[PDB]
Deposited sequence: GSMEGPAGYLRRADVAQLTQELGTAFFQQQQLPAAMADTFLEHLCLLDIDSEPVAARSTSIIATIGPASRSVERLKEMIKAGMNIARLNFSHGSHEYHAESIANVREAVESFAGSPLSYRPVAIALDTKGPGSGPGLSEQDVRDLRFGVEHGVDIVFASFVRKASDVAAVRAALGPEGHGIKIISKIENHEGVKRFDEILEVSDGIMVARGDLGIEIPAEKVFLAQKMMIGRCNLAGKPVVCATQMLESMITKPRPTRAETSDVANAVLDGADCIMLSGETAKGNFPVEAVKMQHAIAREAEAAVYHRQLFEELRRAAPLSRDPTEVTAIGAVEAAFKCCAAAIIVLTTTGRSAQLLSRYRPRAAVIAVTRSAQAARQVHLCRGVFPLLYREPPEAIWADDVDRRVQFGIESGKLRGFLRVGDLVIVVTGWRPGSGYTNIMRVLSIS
């Protein structure tokens, strides 16, 4: 069978590895988001359309280079390329915009970072990748620099030195997520210890249910070569197997000769690696480690993921205002795709940070009766799922909704047969 299902049914991790089959083709949609750095080699609207088709989910703007005018033009080109597919939900795919800060340099929040963060708020960026975060107060400073208008922007703290690793727990507590920034980390600590920091941080983020990005030199040789090395494909596959929500491309897309091919390579590897995840052990460990909760969204999420595994559900369709109900489903790593139907364009872009969440931006007219409005959003998830290949007639889906309008009231799980 397909999608490494014989290896998925194994009783031990060793037997799971022994049953991995190169002829077992991946069938599920790619769950791990790809962050591509937008620069000189990937700035044109035409090139950006090809990157979106290749699989780019998040566009990264590196404020260590360029200028405010240069990056504003890159942002406008990303938005133009994204909106060129808005004529049909099959082609349409939201793309988040992330601002990566220059950092503190010689040393706390620098004055250039305050100006760049203000630029991000004014240009409506979705995420901030904060460079060289070494303590909780660095995150509070970034949050303060975003002001009252940037309250919805996600802060992903980049761990790049020994202090960031040692104070990881306090940093994760106040951040929306983490980036394992391996370039600086590999210079700040011995190169042979970076894999320990990566695996530890990914594990702790998976336990906390917060997004984690693996970054830097993943496909480095593709800056000049059309095909990556054996170590590079292995690195991408292992970041997904480690539990990374996102994988990143830096020079490979910002300045390289093969930006589109680098995105295609990360897409192909991630799909293969996701099918090779040993869900039997992973779900059992995530379930056991996740604390008991009296929050109905948390309780519904584990019930929905358990139900999805019981029937081999093709998808879990969830309604979300902020992305939170989809994030709580994602933390249990279901094999079923989490189709998140939202009216918030920003939540649709941001939800790419969570593995296995497929955002659908709802732009249909409202129904007068709220229960009918909910039902049409569910049917929209199903129709978009059928169109995109996620669902077929006869499939079972799990539908996650709330008892009243507004964020924070998810409390219902329903088992539905498609058509």
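- According to the record, no C-alpha positions are given for deposited positions 1-27, 135, numbered from 1.
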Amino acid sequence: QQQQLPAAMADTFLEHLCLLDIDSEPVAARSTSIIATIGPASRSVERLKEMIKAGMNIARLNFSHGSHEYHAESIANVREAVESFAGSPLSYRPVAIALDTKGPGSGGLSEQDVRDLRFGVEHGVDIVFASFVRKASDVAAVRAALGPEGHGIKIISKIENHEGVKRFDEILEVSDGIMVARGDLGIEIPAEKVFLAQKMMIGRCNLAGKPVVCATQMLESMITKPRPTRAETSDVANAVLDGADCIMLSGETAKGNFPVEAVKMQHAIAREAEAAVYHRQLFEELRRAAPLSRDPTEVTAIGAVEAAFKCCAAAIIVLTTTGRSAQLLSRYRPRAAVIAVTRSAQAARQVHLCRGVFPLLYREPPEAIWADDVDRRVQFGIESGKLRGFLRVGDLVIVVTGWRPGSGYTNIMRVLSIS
From here on, numbers count along this sequence of modelled residues.
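We call the rigid core whatever largest set of C-alpha positions still superposes within 1.5 Å between the two forms.
- Averaged as a root mean square over residues and superposed structures in 8 other deposited structures of this protein, CA distances to the shown form are larger in 364-372; the pair compared was 377-385 and 364-372 with a core fit.
- The rigid core fit leaves 81-89 as the farther-lying stretch in 8 other deposited structures of this protein, judged by Cα positions and set against 295-303 and 81-89.
- When the two stretches 384-392 and 355-363 are set side by side, the higher mean Cα temperature factor goes to 384-392.
- Per-stretch averaging of Cα B factors for 223-231 and 68-76 places 68-76 on top.
- Residues shown: 332, 309, 195, 92. Highest C-alpha temperature factor in the entry: 92.
- Per the PDB record, 145 has a higher Cα B-factor than any other of 240, 305, 200, 145.
- When the modelled residues of the chain are ordered by their C-alpha B factor, residue 106 lands in the highest third.
- In the deposited entry, the Cα temperature factor of residue 210 places it in the lowest third of its chain's modelled residues.
- In this PDB entry, the Cα temperature factor of residue 88 sits in the top third of its chain's modelled residues, the highest group.
- Sort the modelled residues of the chain by CA B factor and residue 183 lands in the lowest third.
- Among the modelled residues of its chain, residue 266 has a C-alpha B-factor that falls in the lowest third, as given in the PDB entry.
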